[PDB]
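Dumped input-v7.pdb below, it's PDB, C-alpha atoms:
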```pdb
ATOM      1  CA  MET U   1      -8.712  12.672  11.086  1.00  0.00           C
ATOM      2  CA  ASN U   2     -10.522  14.042   7.995  1.00  0.00           C
ATOM      3  CA  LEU U   3      -8.735  12.672   4.939  1.00  0.00           C
ATOM      4  CA  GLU U   4      -9.567  13.886   1.429  1.00  0.00           C
ATOM      5  CA  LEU U   5     -10.315  10.642  -0.428  1.00  0.00           C
ATOM      6  CA  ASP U   6     -11.325   9.741  -3.980  1.00  0.00           C
ATOM      7  CA  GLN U   7     -14.242   7.517  -5.054  1.00  0.00           C
ATOM      8  CA  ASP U   8     -12.135   4.418  -4.269  1.00  0.00           C
ATOM      9  CA  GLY U   9     -11.173   5.518  -0.746  1.00  0.00           C
ATOM     10  CA  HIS U  10      -7.608   6.404  -1.792  1.00  0.00           C
ATOM     11  CA  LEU U  11      -5.867   9.705  -0.984  1.00  0.00           C
ATOM     12  CA  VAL U  12      -6.594  12.467  -3.473  1.00  0.00           C
ATOM     13  CA  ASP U  13      -3.077  13.847  -2.825  1.00  0.00           C
ATOM     14  CA  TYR U  14      -0.348  11.252  -2.254  1.00  0.00           C
ATOM     15  CA  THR U  15       2.041  13.921  -0.972  1.00  0.00           C
ATOM     16  CA  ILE U  16       0.173  14.458   2.304  1.00  0.00           C
ATOM     17  CA  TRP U  17       0.693  10.842   3.337  1.00  0.00           C
ATOM     18  CA  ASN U  18       2.616  10.009   6.513  1.00  0.00           C
ATOM     19  CA  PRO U  19       2.616   7.070   8.949  1.00  0.00           C
ATOM     20  CA  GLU U  20      -0.345   8.449  10.919  1.00  0.00           C
ATOM     21  CA  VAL U  21      -2.384   8.748   7.714  1.00  0.00           C
ATOM     22  CA  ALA U  22      -1.393   5.190   6.793  1.00  0.00           C
ATOM     23  CA  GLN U  23      -2.657   3.962  10.166  1.00  0.00           C
ATOM     24  CA  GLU U  24      -5.904   5.881   9.714  1.00  0.00           C
ATOM     25  CA  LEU U  25      -6.503   4.108   6.407  1.00  0.00           C
ATOM     26  CA  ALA U  26      -5.484   0.752   7.940  1.00  0.00           C
ATOM     27  CA  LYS U  27      -8.296   1.014  10.534  1.00  0.00           C
ATOM     28  CA  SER U  28     -10.769  -0.340   7.969  1.00  0.00           C
ATOM     29  CA  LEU U  29      -8.735  -3.587   8.022  1.00  0.00           C
ATOM     30  CA  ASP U  30      -8.571  -3.689  11.862  1.00  0.00           C
ATOM     31  CA  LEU U  31      -4.842  -3.568  11.248  1.00  0.00           C
ATOM     32  CA  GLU U  32      -2.263  -2.015  13.599  1.00  0.00           C
ATOM     33  CA  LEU U  33       0.728  -1.105  11.435  1.00  0.00           C
ATOM     34  CA  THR U  34       4.241  -2.027  12.578  1.00  0.00           C
ATOM     35  CA  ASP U  35       7.636  -1.202  11.143  1.00  0.00           C
ATOM     36  CA  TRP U  36       7.225  -4.321   8.974  1.00  0.00           C
ATOM     37  CA  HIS U  37       4.291  -2.669   7.234  1.00  0.00           C
ATOM     38  CA  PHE U  38       5.982   0.743   7.106  1.00  0.00           C
ATOM     39  CA  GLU U  39       8.943  -0.704   5.213  1.00  0.00           C
ATOM     40  CA  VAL U  40       6.630  -2.429   2.721  1.00  0.00           C
ATOM     41  CA  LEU U  41       4.585   0.750   2.259  1.00  0.00           C
ATOM     42  CA  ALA U  42       7.791   2.734   1.681  1.00  0.00           C
ATOM     43  CA  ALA U  43       8.583   0.409  -1.213  1.00  0.00           C
ATOM     44  CA  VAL U  44       5.073   0.850  -2.657  1.00  0.00           C
ATOM     45  CA  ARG U  45       5.585   4.620  -2.567  1.00  0.00           C
ATOM     46  CA  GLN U  46       8.996   4.178  -4.191  1.00  0.00           C
ATOM     47  CA  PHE U  47       7.340   2.286  -7.070  1.00  0.00           C
ATOM     48  CA  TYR U  48       4.848   5.132  -7.509  1.00  0.00           C
ATOM     49  CA  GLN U  49       7.577   7.785  -7.439  1.00  0.00           C
ATOM     50  CA  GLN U  50       9.746   5.887  -9.931  1.00  0.00           C
ATOM     51  CA  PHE U  51       7.069   4.901 -12.440  1.00  0.00           C
ATOM     52  CA  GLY U  52       4.112   7.243 -11.869  1.00  0.00           C
ATOM     53  CA  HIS U  53       1.341   4.699 -11.358  1.00  0.00           C
ATOM     54  CA  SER U  54       0.246   2.202  -8.731  1.00  0.00           C
ATOM     55  CA  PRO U  55       1.533  -1.371  -9.153  1.00  0.00           C
ATOM     56  CA  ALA U  56      -0.688  -4.266 -10.171  1.00  0.00           C
ATOM     57  CA  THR U  57      -0.713  -7.558  -8.225  1.00  0.00           C
ATOM     58  CA  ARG U  58       2.110  -9.471  -9.871  1.00  0.00           C
ATOM     59  CA  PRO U  59       4.444  -6.477 -10.450  1.00  0.00           C
ATOM     60  CA  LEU U  60       3.875  -5.380  -6.856  1.00  0.00           C
ATOM     61  CA  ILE U  61       4.986  -8.758  -5.473  1.00  0.00           C
ATOM     62  CA  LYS U  62       8.002  -8.909  -7.798  1.00  0.00           C
ATOM     63  CA  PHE U  63       9.025  -5.367  -6.852  1.00  0.00           C
ATOM     64  CA  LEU U  64       8.777  -6.128  -3.131  1.00  0.00           C
ATOM     65  CA  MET U  65      10.842  -9.283  -3.611  1.00  0.00           C
ATOM     66  CA  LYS U  66      13.539  -7.213  -5.362  1.00  0.00           C
ATOM     67  CA  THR U  67      13.379  -4.137  -3.077  1.00  0.00           C
ATOM     68  CA  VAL U  68      12.454  -5.472   0.369  1.00  0.00           C
ATOM     69  CA  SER U  69      12.953  -9.215   0.739  1.00  0.00           C
ATOM     70  CA  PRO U  70      12.705 -12.356  -1.432  1.00  0.00           C
ATOM     71  CA  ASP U  71      10.619 -13.846   1.400  1.00  0.00           C
ATOM     72  CA  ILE U  72       7.672 -11.548   0.685  1.00  0.00           C
ATOM     73  CA  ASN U  73       4.939 -13.216  -1.317  1.00  0.00           C
ATOM     74  CA  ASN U  74       1.186 -12.938  -1.740  1.00  0.00           C
ATOM     75  CA  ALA U  75       0.434 -15.218   1.220  1.00  0.00           C
ATOM     76  CA  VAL U  76       2.676 -13.219   3.571  1.00  0.00           C
ATOM     77  CA  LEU U  77       1.120  -9.960   2.413  1.00  0.00           C
ATOM     78  CA  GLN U  78      -2.400 -11.328   2.864  1.00  0.00           C
ATOM     79  CA  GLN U  79      -1.557 -12.459   6.408  1.00  0.00           C
ATOM     80  CA  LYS U  80       0.207  -9.249   7.422  1.00  0.00           C
ATOM     81  CA  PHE U  81      -2.331  -6.877   5.867  1.00  0.00           C
ATOM     82  CA  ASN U  82      -5.543  -8.720   6.854  1.00  0.00           C
ATOM     83  CA  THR U  83      -6.845  -8.900   3.282  1.00  0.00           C
ATOM     84  CA  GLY U  84      -6.748 -10.899   0.071  1.00  0.00           C
ATOM     85  CA  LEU U  85      -7.005  -7.633  -1.915  1.00  0.00           C
ATOM     86  CA  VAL U  86      -3.267  -7.065  -1.817  1.00  0.00           C
ATOM     87  CA  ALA U  87      -2.770  -4.694  -4.773  1.00  0.00           C
ATOM     88  CA  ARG U  88      -5.725  -2.537  -3.727  1.00  0.00           C
ATOM     89  CA  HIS U  89      -4.907  -2.181  -0.042  1.00  0.00           C
ATOM     90  CA  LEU U  90      -1.124  -1.883  -0.327  1.00  0.00           C
ATOM     91  CA  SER U  91      -1.676   1.054  -2.666  1.00  0.00           C
ATOM     92  CA  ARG U  92      -4.405   2.481  -0.448  1.00  0.00           C
ATOM     93  CA  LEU U  93      -2.399   2.329   2.775  1.00  0.00           C
ATOM     94  CA  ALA U  94       0.662   3.731   0.941  1.00  0.00           C
ATOM     95  CA  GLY U  95      -1.371   6.800   0.020  1.00  0.00           C
ATOM     96  CA  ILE U  96      -1.323   6.190  -3.772  1.00  0.00           C
ATOM     97  CA  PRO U  97      -4.285   5.661  -6.161  1.00  0.00           C
ATOM     98  CA  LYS U  98      -6.139   2.419  -6.779  1.00  0.00           C
ATOM     99  CA  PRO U  99      -4.412   0.184  -9.383  1.00  0.00           C
ATOM    100  CA  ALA U 100      -6.220   0.656 -12.656  1.00  0.00           C
ATOM    101  CA  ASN U 101      -7.866  -2.751 -13.057  1.00  0.00           C
ATOM    102  CA  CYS U 102      -9.108  -3.220  -9.492  1.00  0.00           C
ATOM    103  CA  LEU U 103     -12.900  -3.296  -9.277  1.00  0.00           C
TER     104      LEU U 103
END
```
Structure rendered as structure tokens:
Amino acid sequence: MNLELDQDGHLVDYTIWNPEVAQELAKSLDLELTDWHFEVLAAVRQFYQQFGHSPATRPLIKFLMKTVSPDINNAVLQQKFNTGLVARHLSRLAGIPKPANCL
């Protein structure tokens, strides 16, 4: 798969995302996506569609709690996504740009 990526490794064009593209991006985390991840990534894309930018760490967690499940928190996301860089990689795997203040 030959994805068109920006300097951060995020999709240039969020509209070409699909579950196979998400899995391609998740390979760098040695992460096999399941429906659990697909539902979380759908909410990340919903945030982007509603508000036009990628969510930062705390707003991302709050939005997932409201939209997906109150049981989602940073620790759960870190475990399920194989990374402590939750805002960065949730946006990346959802096909949206890097949140502005990430390194």
re atom CA of residue U:29 and atom CA of residue U:55: distance 20.1 Å
Counting all atoms listed in the file, the residue among U:80, U:57, U:89, U:64 that lies closest to residue U:35 is U:80
Separating atom CA of residue U:87 from atom CA of residue U:103, to the nearest tenth of an Å, is a gap of 11.2 Å
Computed gap from atom CA of residue U:49 to atom CA of residue U:1 is 25.1 Å
Practice item. Please write the residues picked by the PyMOL selection byres ((chain U and resi 31) around 12) on this file as a PyMOL selection string. Key: chain U and resi 22-30+32-34+37+78-83+89+93
Taking the file as shown, find all residues satisfying the PyMOL selection byres ((chain U and resi 97) around 12) and write them as a ChimeraX atom specification. /U:5-15,17,44-45,48,52-56,87-96,98-102
In terms of all atoms listed in the file, the residue from U:65, U:72, U:4, U:19 at minimal distance from residue U:41 is U:19
